[PDB]
Every structure is written in structure tokens, then in C-alpha cells.
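In the form deposited in one PDB entry, a lone chain appears below as C-alpha cells.
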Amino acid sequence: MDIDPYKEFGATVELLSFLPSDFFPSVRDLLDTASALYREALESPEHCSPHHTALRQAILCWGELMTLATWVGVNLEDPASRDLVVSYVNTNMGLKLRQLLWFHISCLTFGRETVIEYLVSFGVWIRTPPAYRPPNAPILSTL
């Protein structure tokens, strides 16, 4: 259907494309963060939060994609096709996955308000000229 993975949380794809795709960390970094910070809660038998629910489902989908890529590397013979499939996965699906993981982890960590203000401000910043914007890029911090 026409489902937006962020609108039940108060965001939208138009608001997360408002940031560059070269901004979002790697899938490995984000999954390591998720583990480190919320493993006991994602492996828990509790609806701890919708963020946790969505994050579980996304981690499962990524695991199945990795299984697919390994199965490809094993079975498929044409290296061209194999590399092409694996690259498509890791690039397009990786970008989507890490936008979503960033959103969820960062909301869990800072706040929906904080994260949305950050999106707005960082987009406006990277769109503003340097001479008239602050010189240092915005960054989220618990400290």
C-alpha cells in the first residue's frame, strides 16, 4: 500500500530526504550501536516501544537480505550478476535501512522533538551559505 515507515512516529520520507544520504552512518555502525544500547530490550518479550518493534523487524529483514547475499555468492555463477545484486542490496536497501535505524535509535536516545528539530536545522544549515551560517555542523549530544 501507501505506507510511510515514519508517519506513525511523526515524520516523513520527505523530511528525511531533507538530509543528504552521505550523512547517515554505515549499517554496521548503526547495528553495533543498536546492539550495544538496546540488545536486552530488543531480545526481550515486551512491547517496550514502537521504535523497538520496528527496529526488530528491520534487523530481521536485514538478516534475511544478508542470507540472500550469501546464498547468491554461493549459488549464482555469473560474477557480474552476483556483484550487481549484492551491490544493489547494500546500496539502496542499505540507505533505506540506515535512514530508518538512524531515526529510531536517535529518537530512542534523544527525543522525537529533538530529532525532528535536528533534521530541520541540519537541512537548513547545509542549504544555507557558509558565510551566513554557523561554521560547525550540528550534532546530537547527550553530554
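Here, rigid core means the biggest group of C-alpha atoms that superpose within 1.5 Å across both forms. Residue indices: 1-based, along the sequence shown.
Omitted from view is the form deposited in another entry, to which the following refers.
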Core-superposed comparison between this form and the one not shown, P45 Cα displacement 2 Å or beyond: no
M93 C-alpha shift between this form and the one not shown of 2 Å or more, rigid core reference: no
Flag for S81, CA shift 2 Å or larger between this form and the one not shown after aligning core: yes
